[PDB]
Amino acid sequence: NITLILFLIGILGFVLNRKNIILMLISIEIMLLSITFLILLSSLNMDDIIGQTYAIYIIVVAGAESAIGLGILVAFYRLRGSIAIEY
Amino acid sequence: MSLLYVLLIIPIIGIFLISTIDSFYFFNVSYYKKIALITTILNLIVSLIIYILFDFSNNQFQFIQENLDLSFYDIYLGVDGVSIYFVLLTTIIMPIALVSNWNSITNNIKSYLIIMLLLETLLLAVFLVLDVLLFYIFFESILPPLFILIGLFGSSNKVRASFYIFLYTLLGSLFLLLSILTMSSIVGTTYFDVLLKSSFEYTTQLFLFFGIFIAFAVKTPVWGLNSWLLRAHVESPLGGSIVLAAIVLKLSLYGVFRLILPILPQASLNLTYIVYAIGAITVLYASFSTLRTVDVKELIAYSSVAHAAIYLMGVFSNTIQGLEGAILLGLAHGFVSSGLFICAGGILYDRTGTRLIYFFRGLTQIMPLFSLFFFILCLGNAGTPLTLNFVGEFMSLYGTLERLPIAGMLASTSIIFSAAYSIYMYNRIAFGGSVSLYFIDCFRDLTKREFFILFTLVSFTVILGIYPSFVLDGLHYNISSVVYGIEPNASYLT
Amino acid sequence: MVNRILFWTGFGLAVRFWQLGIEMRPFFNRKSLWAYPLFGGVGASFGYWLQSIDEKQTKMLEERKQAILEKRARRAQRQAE
Amino acid sequence: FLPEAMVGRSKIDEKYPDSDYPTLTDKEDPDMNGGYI
Amino acid sequence: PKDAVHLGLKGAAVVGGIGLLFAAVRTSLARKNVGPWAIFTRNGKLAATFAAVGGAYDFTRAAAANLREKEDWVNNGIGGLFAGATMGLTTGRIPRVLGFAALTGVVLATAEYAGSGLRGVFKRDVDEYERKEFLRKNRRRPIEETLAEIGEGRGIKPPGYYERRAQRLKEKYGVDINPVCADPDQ
Amino acid sequence: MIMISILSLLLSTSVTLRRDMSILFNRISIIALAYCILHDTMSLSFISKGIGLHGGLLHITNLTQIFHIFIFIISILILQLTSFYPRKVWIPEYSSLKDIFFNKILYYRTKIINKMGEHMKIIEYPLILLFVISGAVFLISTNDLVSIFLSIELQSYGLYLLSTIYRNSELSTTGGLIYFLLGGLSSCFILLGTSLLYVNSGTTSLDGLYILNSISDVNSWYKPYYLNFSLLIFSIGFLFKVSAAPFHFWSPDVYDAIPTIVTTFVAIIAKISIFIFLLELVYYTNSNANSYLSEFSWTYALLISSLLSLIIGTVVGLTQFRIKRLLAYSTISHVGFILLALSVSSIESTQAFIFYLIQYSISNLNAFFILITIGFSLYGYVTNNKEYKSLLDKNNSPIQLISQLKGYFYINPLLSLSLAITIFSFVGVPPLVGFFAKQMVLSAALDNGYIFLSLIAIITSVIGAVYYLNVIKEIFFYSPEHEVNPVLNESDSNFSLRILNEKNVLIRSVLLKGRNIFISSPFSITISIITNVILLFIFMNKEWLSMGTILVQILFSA
Ligand SMILES: CCCCCCCCCCCCCCCCCC(=O)OC[C@H](COP(=O)(O)OCCN)OC(=O)CCCCCCCCCCCCCCCCC
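All residue numbers refer to a per-chain count from 1 along the written sequence rather than necessarily to the numbering of the entry. Residues that lack coordinates are not shown. Chain A is the first chain written and ligand 1 is the first ligand written, with later ones labelled in order. Note that the displayed chains come from a larger assembly and that each value is computed for the displayed part only. To obtain the side-chain values, all non-hydrogen atoms of the structure were included, while hydrogens and water were left out. Residues with missing side-chain atoms are left out of burial classes, side-chain pairs and their counts.

Per the PDB entry, chain F is named NADH dehydrogenase subunit 2, and its organism is Chaetomium thermophilum var. thermophilum DSM 1495. Database annotation for chain F, UniProt heading Catalytic activity (unreviewed entry): "a ubiquinone + NADH + 5 H(+)(in) = a ubiquinol + NAD(+) + 4 H(+)(out)". What UniProt states about chain F under its Sequence similarities (unreviewed entry) heading is, verbatim, "Belongs to the complex I subunit 2 family." UniProt positions are given in the numbering used here, feature names are shortened, and annotations may be inferred rather than shown by experiment.

Going by what the PDB entry lists, chain E is known as NADH-ubiquinone oxidoreductase-like protein and is assigned to Chaetomium thermophilum var. thermophilum DSM 1495. Of chain E, the UniProt comment under Subcellular location (unreviewed entry) reads exactly: "Mitochondrion inner membrane".

(A) Region of the structure containing the site of the ligand. Around the ligand, 19 residues are found, and the nearest of them are B:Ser19, B:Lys110, B:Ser111, B:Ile114 and F:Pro413. Residues are counted as near a molecule or strand when any one of their heavy atoms sits within 4 Å of it. With respect to the ligand, its neighbouring residues span chains B and F. Any pair of nitrogen or oxygen atoms within 3.5 Å is treated as a polar contact; in protein, a donor-acceptor pairing is required on top of that, and neighbouring residues in sequence qualify only through side-chain atoms on both sides. One of the side-chain N or O atoms of B:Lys110 is found 3.2 Å from an oxygen atom in the ligand. B:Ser111 is positioned such that a nitrogen or oxygen atom in its side chain is 3.2 Å from an oxygen atom of the ligand.

(B) Broad picture of the environment of B:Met425. Residue and element names in this part refer to chain B. Secondary structure elements follow DSSP: runs of H or I of four or more residues count as helices, runs of E of two or more count as strands, with numbering from the N terminus. If you trace the backbone, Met425 turns up in helix 18 (residues 414-430). For every residue, the accessible area obtained with a 1.4 Å probe (protein chains only) is divided by the maximum for its type, and the residue is called buried under 20%, exposed over 50%, and partly exposed between those limits. In this structure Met425 comes out as buried when scored by relative accessible area, which is 1%. Considering only alpha carbons, one finds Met425 and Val294, 131 residues apart in sequence, at a separation of 9.4 Å. In what follows, residue pairs with any heavy atoms lying within 4.5 Å of each other are defined as contacts. Sequence-distant contacts of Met425, defined by excluding residues within four places in its chain, comprise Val296, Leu299, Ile300, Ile357, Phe374 and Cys378.

(C) Examining the packing of aromatic side chains more closely. Pairing of aromatic side chains requires ring centres within 6.5 Å, counting the rings of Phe and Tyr and the six-membered ring of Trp. Pairs whose planes differ by under 30 degrees are stacked, by over 60 edge-to-face, and all others tilted. Evaluated as defined, the whole model comprises 85 aromatic pairs over all chains. Ring plane angle 85 degrees and centroid distance 6.0 Å describe the contact between F:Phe67 and F:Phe70, whose orientation is recorded as edge-to-face. With F:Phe67 and F:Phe70 both in helix 3 (residues 62-79), this residue pair falls 3 residues apart, about one helical turn. Judged by centre distance (5.4 Å) and plane angle (85 degrees), the ring pair of F:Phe537 and F:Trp544 falls under edge-to-face. Judged on exposure class, the residue F:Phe537 and its partner F:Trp544 are both buried. Taken together, the ring pairs in this structure connect B:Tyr73, B:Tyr136, F:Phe355, F:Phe435, F:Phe436, F:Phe537 and F:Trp544 into an aromatic cluster.

(D) The UniProt feature "transmembrane region" (unreviewed entry) in chain E, seen in detail. Mapped onto the present numbering, the UniProt feature "transmembrane region" (unreviewed entry) falls at residues 4-25 of chain E. End C-alpha atoms of residues 4-25 of chain E are separated by 32 Å, and the span's content is 100% helix alongside 0% strand.

(E) Main features of a positive patch on the surface. Residues and elements named next belong to chain C. The patches described consist of residues with a relative accessible area above 30% and no salt bridge, like charges being joined within 9 Å and nonpolar side chains (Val, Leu, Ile, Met, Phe, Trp, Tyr) within 5 Å. Under the convention used here, a 1.4 Å probe and the Shrake-Rupley method define accessible areas, while residue burial counts only the protein chains that appear. In what follows, salt bridge is the name for a side-chain nitrogen of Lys or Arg lying within 4 Å of a carboxyl oxygen of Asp or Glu. By the counting scheme adopted, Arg and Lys are positive, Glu and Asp are negative, and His together with the chain ends is not counted. A charge is said to be at NZ when it belongs to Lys, at CZ for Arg, at CG for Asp and at CD for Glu. Together, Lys71, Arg74, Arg75 and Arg78 line one region of the surface with positive charge. Secondary-structure assignment places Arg74 in helix 2 (residues 35-78). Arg74 gets classed as exposed once you look at its relative accessible area, which sits at 57%.

(F) Layout of helix 7 (residues 145-164) of chain F. Residue and element names in this part refer to chain F. With 20 residues, helix 7 extends 29 Å between its outermost C-alpha atoms, agreeing within 8% with the 28 Å of an ideal straight helix rising 1.5 Å per residue. Counting buried positions along helix 7 gives 17 out of 20 residues, so the element sits mostly inside the fold. Two to three positions downstream of the cap, the backbone nitrogen of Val146 sits 2.5 Å from a side-chain oxygen, assigning the N-cap of helix 7 to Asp144. Multiplying 1.5 Å by the residue count of a helix minus one yields the expected span of that helix.

(G) Broad picture of empty space enclosed by the protein. Each cavity reported here is a set of points on a 1 Å grid over the protein atoms alone in which a 1.4 Å probe fits but cannot get out, each pocket an open set with protein on both sides within 12 Å along at least five of seven lines, and each lining residue one with an atom within 4 Å of a point. Grid points are joined across faces, edges and corners, and a volume is the space filled by probe spheres set on the points. Approximately 200 Å³ is the volume found for the largest cavity. Around the largest cavity, the lining comprises 19 residues; the ones closest to its centre are F:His59, F:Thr61, F:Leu63, F:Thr64 and F:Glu280. When residues in the lining of the largest cavity are grouped by element, the largest group, 5 residues, is from helix 13 (residues 269-284) of chain F. When its residues are assigned to classes, the lining of the largest cavity shows 11 nonpolar, 6 polar and 2 charged. The volume enclosed by the second largest cavity comes to roughly 140 Å³. Where the lining of the second largest cavity is concerned, the elements lending two or more residues are helix 1 (4-22) of chain C together with helix 24 (541-555) of chain F. Residues that form the lining of the second largest cavity fall into these classes: 8 nonpolar, 3 polar and 4 charged. Note on residue categories: nonpolar means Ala, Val, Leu, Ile, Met, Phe, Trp, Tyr, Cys or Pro, charged means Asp, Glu, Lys or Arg, and polar means any other residue, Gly included.

(H) Quick peek at the sheet that holds strand 4 (residues 104-106) of chain F. Residue and element names in this part refer to chain F. One open sheet holds the 3 strands; their spatial order is 4-7-8, and the pairing between them is antiparallel. The open sheet has two edge strands, strand 4 and strand 8 (506-512), and neither has a second partner. Taken over all neighbouring pairs, the strand axes of this sheet differ in orientation by 20 degrees on average, direction set aside. Here, a strand pair is defined by DSSP locating no fewer than two bridges between the strands. Pairing of strand 4 with strand 7 (residues 495-500) involves 3 bridges; the strand directions are antiparallel. Here the axes come from fitting lines to C-alpha atoms, over the contacting stretch only for helices, and the angles between their N-to-C directions go from 0 to 180 degrees.

(I) Structural context of the interface of chain F and chain B. Each partner contributes residues to the interface: chain F has 36 residues there, and chain B has 31 residues. The contact between chain F and chain B buries some 3100 Å² in all, and 83% of this surface belongs to carbon and sulfur atoms. Buried area is understood as the total, over both parts, of accessible area removed when two parts are fitted together, assessed with a 1.4 Å probe. Its largest share of buried area at the contact with chain B, chain F owes to F:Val462, F:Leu469 and F:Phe477, together 20% of the area lost on that side. Along the contact surface separating chain F from chain B lie 0 salt bridges. Taken together, the connections running from chain F to chain B amount to 4 residue pairs in polar contact. For the side of chain F that touches chain B, the secondary structure elements donating two or more residues are helix 19 (408-411), helix 20 (413-427), helix 21 (433-447), helix 22 (451-476) and helix 24 of chain F. Of all the elements, helix 22 of chain F adds the most residues to the side of chain F that touches chain B, at 11 residues.

(J) Fine view of the packing of helix 11 (residues 238-259) of chain B against helix 14 (residues 320-352) of chain B. Residue and element names in this part refer to chain B. Orientation of helix 11 relative to helix 14, taken along the N-to-C sense of each, is 170 degrees, at an axis distance of 8 Å. Taken as axis vectors, helix 11 and helix 14 run roughly antiparallel relative to one another. The hand of the helix 11/helix 14 crossing is right-handed. Residue-level contacts link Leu238, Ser241, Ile242, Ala245, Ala246, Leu249, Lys250, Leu253 and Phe257 of helix 11 to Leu323, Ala326, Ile327, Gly330, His333, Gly334, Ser337, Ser338, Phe341, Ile342, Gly345 and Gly346 of helix 14. Taken together, the residues of the contact of helix 11 with helix 14 sort by class into 12 nonpolar, 8 polar and 1 charged. Roughly parallel here means an angle under 35 degrees, roughly antiparallel means over 145, roughly perpendicular means 65 to 115, and every remaining angle is called oblique. For any helix crossing, the convention is left-handed if the near helix is rotated counterclockwise from the far helix by under a right angle, and right-handed if that rotation is clockwise.

And the structure:
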């Protein structure tokens, strides 16, 4: 239930935000944690170590994609000098 | 290598020689025009050889070559009476179209000749294919060469014209394609010899009819779907216009014989009163409209609309006379409309640079050879006897009157208005005062080239107008196969 | 008129022709003339290969049709009861 | 984050002016012939 | 039968709710600070229009069903006619009223006649090989079936046409049929 | 083999900083992918709906292996763009086989062939290229929910990297940001859909999910609503990655901003892997009995997107003036056709799906190849047009506007005809391969009762044809704005070329000009083969169409 509310918070990050692109990166991190938390709790209910394994690979991949996204942001910011959307 | 496949191969060799001869000789443009002309001449020579060997009373498709290496999309060619004369008309017309532009292209001559030669192979393929999908593939393949012909060699408004003829034809053909795909799904095949053997259910026939008729109405064209013809046939180069009016208009007519009369006879019988209302409306509205048209080629283009309505009414008459009249009128309109476009788009437009009728007057005084042929073509466009135009109009209108008298009478009224707009145009150009005061320079009369592409066209219509049997003899048995009905005492002999 | 080798020999010949036209290079210069046999030779090789593929495809499709009438038969015979 | 000359409706408006399709009134064009006196 | 008013309210609510969704996005994408109450102030017209089309559409088809006492494709096109008309009324242009009515009524009618698979086509649940084979080889049919669809005459003169022809003329005109002999000897 | 090549290339790449190695590394990647084709050609000698591999986490089908090879062949063709210089010098005195294979030619090539162009100096470009391929082929062969997620991220993250690898272009970094940010949101929906399957079913195995679906399709306590709803959320994320409407806004911006050579790979490879993956998942989840399951079938999201893509792709393309945005919208309309064929789950539509995907990939490849070749050809031409001067990233995207193609028929008539053939294949004019692709999809949709969608497909096709015609009109109806460069042919501006034998001894010395500078053979030949496949398909259709027929029979084999 908490995991569902957290997914909304990550969803709501995209609704409320017109100009903060950094918040877009953070809202993906919230969504991914919410989905991993749901898998972890379900894996506990169904006594299944595969759920924990799936969550570990989501942490690995979401950590890997955070680094790519920050690198892409750095290449973007090197040329623009701002992460602000003019709106 | 069947004679029919030879027909499609010669124009492709001409394309090869046209586009490679510079690697063997700066080559002169006259060379390209001579390669292209001889190419079409040998194609005409082959079609004449086929006609000598053609048999007038065979229900088998003739000069077919066995493939037996079946694939998904194979090209089978064959000819019978209903297709033999359309093939001949295509082979006669295209050399005349080439000569009609001999001097008036002057740029991108290689592209013009390659496009013209490719159009011949495609249009011939349309009349020769023995499969309904094969029919569609060639009916549509001509749009991109047609689109690029107008844009490369057309007049000032050729951009709007090329778009109109492309999008009208595609949109209608897409509805014909839907109808064709339904047929192949039910039957498993679109080959003529086995699709005609099948029997579609009435409501299937009804919905198959709308899909096909929507395409054939855009291509006839019927009135209200004819904007593309007004634009394309006028903005096109003269050769394009001749091919567009004398060959391309005929594909929907030949397509009624292969796509609706044999498989959709119940739908055709039950919907004739809708075809005839549209056919009657087109005869009147077009005739009144061309009476007020001020562009000479658009007036001549608009006449094609009125005559196409008459042979469209003939093919739906279910009578022997209407169907023979429809092919004979479609053939007759091919020669006469070709001559009238040469007179307007070739003779007048090259001398003056304009097509407005306001600027022409008294041309007979300085140009008596142009007026002599122009009058004979204005008589033929009016359906005067001893032209193949009368034999076709009378037989087409007789079938229309017998099938449904109210439409026959209205379609009959075209005897007045065809004469009306044809002679009125003729007088405002050849007669009607002395030579127009707008001409500063005097004009020369027909050149030898102009005389002989008109004499040839007026010879074909007149000889066929005195002895139409040359064509009717090869239509009697095949036309009989497309009739739907039975007599009380002849049906079911025992 | 669908011969695999004749068509694909010509296809390779047409590829060279279109290529030279695209480069706006002369179609027949005598020192380059070895290329048309080469292009048509490789084209002929592709079509001998397509021959063998078509043979195996025909056998496999023919085998599938038998399995389809076979399935319809034993279903229809089971319905006879 | 992209320039106007690549995504702006402004360049589309230049490439396809609304003026290219003449709209008028019975006042200035009663005969619907384009204002032809 | 069906409740025309009740169905229209459900019709008005369902497609008006999406308009309320699209209205909130406009407010969210609004640039100047207009607050949260511009959902019904600046974009309330948008949501109102949606609730009107959906109400007009579901009312009339249900109404057309009651008037015709039938359920077929005609009712959705009729439903789409007023649905299309309602949208045109917002622009205040008569050609917009007719054209959008024509557009909507046509698409929504061919959608019901054809039965677009957007929710799923109907499964025949039969040997689909057999239906094709029957349609493929039904190459000759009893003459009566054709006579029902195409009728008599117009060149379709089955054996026995002349006998019934006289009977029909006698019943309508009261005139006996008897062509005169063309031979003086007879 | 793809994994050995990636590791081996990386090790060789790790210990070098020389940007002149970039062209060589690209060629080795072509050689490496050729071995990958060989190993997968070896693997097709079996008939099976599927063989689970490697502990059941992967699987192999005849379909899977056919499309591994297709992905490899498309990647080899695209890799030519970074493996051969765009222009060459040709002369009749160096055209014999004895010349090309025993003699050498010498001239100042650097400026002529653009030896130091940006697309020839990125060492790691072929390596990131192979990483995307690995994600694509792993996604095809994926049999498990976790394998699905890992493969889609592997392919997706590589595509973000490729969109940004031109790190000095403001356009490319901007496009990389947009794809990553919206692509990362799309990946949450895929992970959310996969997770909802696991939490309800208790398995990550696609086999087990199909078994659960199959028994639940009967005609109480644990009614399986989760499967359709989860796959609906799962599918939405995959609709973003194929740029299907209404999830398509990102692609016209990303495709235009990133360099054209990058756009070629990015806009082609990803659709093939996702669509093929979706095809199997559509088949095994397709309910037979008309029960409560079929009414909530997730595949309506595919049918709605096909409808929305048919309209958006054709209507919005009407006003595009930039050539790469038009291609992006032209693609959206074509995935509309592809998604219709995937949604109708018939034998006919699956054959149509398989054929349409391959022929569109080949055709879209040709359009990009022709567009890059026209850009490399304008080197010997100049223009005074004020619009062209104000273009950004002219080196990365030489052709950016349709107006730049004005009178290209007078600059290179036969190359312009190849463009026209390809575009006419996009509209569906017979007897081009594009027509036959649309024809099969329409016949299959018509035979399954999809009349309304078939009618919208034909109507949107006429609208789509308008902007296709608009490209053709600029090439053929007008005289060009580009003039040949005067200083390239000025009767005294001639550069020198030496012809030398096997022993580096002089043979001849020839003075050359700009008219001796031609398009490189790899690009002209690839355009020429594909153009002739499009044009001559009606004579060569038996094997190509029989392959898909057999593939569908295996998939449908009761
Ligand atoms: C029976 C089944 C047949 C199936 C098809 C078989 C092939 C049919 C023909 C397809 C295309 C063939 C093209 C043939 C011409 C190629 C040779 C050539 O290079 O011609 C060049 C010509 C002039 O250009 P050039 O002389 O180089 O420049 C001089 C400038 N002063 O420039 C030109 O000629 C260009 C001419 C205009 C373009 C052609 C007409 C429009 C074609 C649209 C293409 C797409 C549809 C293809 C349809 C094929 C037929 C259905």
